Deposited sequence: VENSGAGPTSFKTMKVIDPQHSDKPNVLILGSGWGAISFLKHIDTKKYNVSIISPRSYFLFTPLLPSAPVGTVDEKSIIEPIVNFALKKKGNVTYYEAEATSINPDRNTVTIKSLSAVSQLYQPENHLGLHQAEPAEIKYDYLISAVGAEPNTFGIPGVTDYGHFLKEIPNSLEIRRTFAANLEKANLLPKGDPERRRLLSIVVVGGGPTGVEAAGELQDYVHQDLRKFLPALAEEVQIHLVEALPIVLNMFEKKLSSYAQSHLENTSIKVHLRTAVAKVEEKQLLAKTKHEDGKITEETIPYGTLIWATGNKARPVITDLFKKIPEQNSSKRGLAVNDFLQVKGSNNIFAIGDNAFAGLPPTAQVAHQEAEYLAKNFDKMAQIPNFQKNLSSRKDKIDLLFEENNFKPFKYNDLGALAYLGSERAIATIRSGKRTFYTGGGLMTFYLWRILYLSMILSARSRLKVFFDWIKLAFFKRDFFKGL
């Protein structure tokens, strides 16, 4: 086919086939968690993704400022594939059309056909949502993929360089040193906190006059940040952010983004609506999920998905409603659950175990959930294990749970240490775990590397 140059087929065995062809879309939390658990001797497993590596997304906000290095939080797909007992095929390409009628996926490669399947596992994720707000794509940076980390560093480094040539009182200097982060979830909060850490811990030590003039803004439409946590943790988080000099704009929406300024509209608690023009040098847009084009295209082809908006509606067995043989997990699937890596991972593990049982029942190996129900398959039940968020300045919040029971809840320095330990344990490869560990040790003794060219 016309797939990219990082494409492969592993060769653990000599392929004759009798086995169903299982095609996975994506190389992220859902796809790779599924790959880790799927039996590649029961099924012929293929993967379509434009990205030849897994990204440990929870540490992406640490990468732009060099708290961790970009290499440390990625792992090539081939390394996961080579742990499998059977053969794995990877096509470096993006799915452009899912064709349920003829059981194929049309692919195109950026760096260059229809790929057949018996079962499809869609895990392409979601893209950042700009909500049609003008100027976001022209002037803002997303914080979603490794290239975004590099772009943010290049932008902020260039702004610091330009600001440094202007006199202390110049409003252009002040503007160039202004950062606006939109989104009060973990990504935006952690982006803000990591930037504030860089500025106050490292930049201050060699460019103190620049550092003291940096202003970080966090903008969020809801009345609180981190609304997945209990109220006292959200309040603690906001108070801490404010204590580190981050200006938090709650109940605030960005109406437009222009080149050198953006318009923020606040609906205050008293009901008044005010507008503020916020000059900015660096805009990070860290909010909103929306369905990718290949997914919104699929909505039109399955009657039961015609009303879908956020993602593919899936049943208790993670089948795409209206399809006998397409499953969806993670951010591209709507199952009434939050768009988190935790959800993607559990969905993937559940689904892989279902595929083990499916190989024992002849009807699967030759009312869409009839066979699942007749054979007494348990429905998927998400177990919320809690939530973590780094807040800058060696503070984190954490709620740790399982079922109705909460084991731990709190914030402070101890919680930051817990945050680090838990994140290390959740990294999917030993290589990436060691690299992140070393990044953090180096950080205890030395400043971060903040190089525009590396």
Item to check | Regions of the deposited sequence not represented in the model | outcome: 1-3, 20-21, 118-135, 390-396
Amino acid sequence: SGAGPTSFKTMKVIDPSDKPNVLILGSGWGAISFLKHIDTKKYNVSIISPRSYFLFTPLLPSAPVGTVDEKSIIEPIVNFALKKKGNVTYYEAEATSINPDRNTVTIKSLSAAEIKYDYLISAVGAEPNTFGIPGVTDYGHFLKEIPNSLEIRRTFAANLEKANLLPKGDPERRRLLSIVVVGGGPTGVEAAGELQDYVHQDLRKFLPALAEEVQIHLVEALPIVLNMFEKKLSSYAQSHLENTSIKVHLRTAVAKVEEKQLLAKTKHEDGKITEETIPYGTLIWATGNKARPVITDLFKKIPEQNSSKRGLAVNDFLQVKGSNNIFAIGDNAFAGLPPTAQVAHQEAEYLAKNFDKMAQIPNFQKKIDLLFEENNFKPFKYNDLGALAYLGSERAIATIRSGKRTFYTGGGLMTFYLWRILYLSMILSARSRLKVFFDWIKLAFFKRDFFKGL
From here on, numbers count along this sequence of modelled residues.
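For the two forms, the rigid core is made up of the largest set of C-alpha atoms that agree within 1.5 Å on superposition.
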Item to check | Larger mean CA deviation from the shown form in 7 other deposited structures of this protein [core fit; 155-163 vs 222-230] | outcome: 222-230
Checklist entry - Which of these two stretches, 265-273 or 289-297, has the larger RMS Cα offset in 7 other deposited structures of this protein when the rigid core is kept aligned? => result 265-273
Checklist entry - Is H141 left out in a third or more of the other entries? => result no
Checklist entry - Any chance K366 is unbuilt in a third or more of the other entries we compared? => result yes
Next on the checklist: Can you tell me whether 213-221 has a higher mean C-alpha B factor than 192-200 in this record, or the other way round?
Outcome noted: 213-221
Checklist entry - Between 270-278 and 173-181, which has the larger average Cα B-factor in the PDB entry? => result 270-278
Next on the checklist: In terms of recorded Cα temperature factor, pick the maximum from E75, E92, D118, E230.
Outcome noted: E230
Item to check | Residue with maximal Cα B-factor (values as given in the PDB entry) among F80, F317, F142, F206 | outcome: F206
Item to check | Chain-wide C-alpha B factor ranking for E127, given as lowest, middle or highest third | outcome: middle
Checklist entry - Within this chain, which third does the Cα B-factor at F56 fall in: lowest, middle or highest? => result lowest
Checklist entry - For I441, does the deposited CA B-factor place it in the lowest, middle or highest third of the chain? => result middle
Item to check | Entry-reported Cα temperature factor of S17, expressed as the chain third it lands in | outcome: highest
Item to check | Where the record places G322 (Cα B-factor, split into thirds across the chain) | outcome: middle
